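Shown here is one chain on its own, the form deposited in one PDB entry, set out as structure tokens.
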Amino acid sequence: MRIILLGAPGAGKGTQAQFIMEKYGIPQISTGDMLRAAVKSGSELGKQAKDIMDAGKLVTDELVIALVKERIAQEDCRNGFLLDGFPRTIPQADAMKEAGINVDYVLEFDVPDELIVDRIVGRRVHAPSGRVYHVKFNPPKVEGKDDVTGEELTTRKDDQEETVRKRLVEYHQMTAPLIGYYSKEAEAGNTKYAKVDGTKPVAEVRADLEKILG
């Protein structure tokens, strides 16, 4: 099963990607996670994103498509994968087309723009795993620590109010067009498209998703 998650910054994509992964055994390929990791390792493919992500901007398509093709080539992806954060632009969606990567489901997480900045200021992450928490909406079982490893949670560098605003504008300009792109793909019979209400509580969003996927 191959799934794309689509949605504005902070719509809950990464939070739901951990449930789909654990419940359906398909790997989560998250380009934000792969790029923060590359920046942190000084990996030649991806360390270049450091300043772009800091500014709230999209990294070049050519770079991100290279990372994703590499990852899909690892033996875990031969039986499905979940794309979280990719495609992010119409060139990245076309590249998937050209390459024979068709998906089963595209899920749009809809959230109003006005909720995004407070979701993101309460966000705390366990960086090694990419697990994400919210101090109010979805807190860890022990404050400040990841549930699994007991390691201290941190804040992302690009999760301040002005970088989020910048990210919202780039989302509306470049990424929002993918809703029409893939809705056209669903019309043609090439994928299934399902929209979910990302304002519902985390567990409730989790339950709508089980109705769509099995």
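For the two forms, the rigid core is made up of the largest set of C-alpha atoms that agree within 1.5 Å on superposition. Residues that one form lacks are left out of the comparison. Don't overthink the numbering: it's just position in the shown sequence, from 1.
Omitted here: the form deposited in another entry. The next part is about that form.
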- Task: Using a core superposition, identify the member of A186, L45, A176, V169 whose Cα displacement between the shown form and the other one reaches 2 Å or more.
- Result: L45
- Query: Would one find the Cα atoms of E44 and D51 closer or farther in that other deposited form than in this form, where their distance changes by 3 Å or more?
  - Reply: closer
- Are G46 and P91 closer or farther apart at the Cα level in that other deposited form than shown, by 3 Å or more? farther
- Considering only residues modelled in both forms, extract each run of at least three consecutive residues whose CA displacement is 2 Å or more throughout between the shown form and the other one after core superposition, in sequence order. 41-48
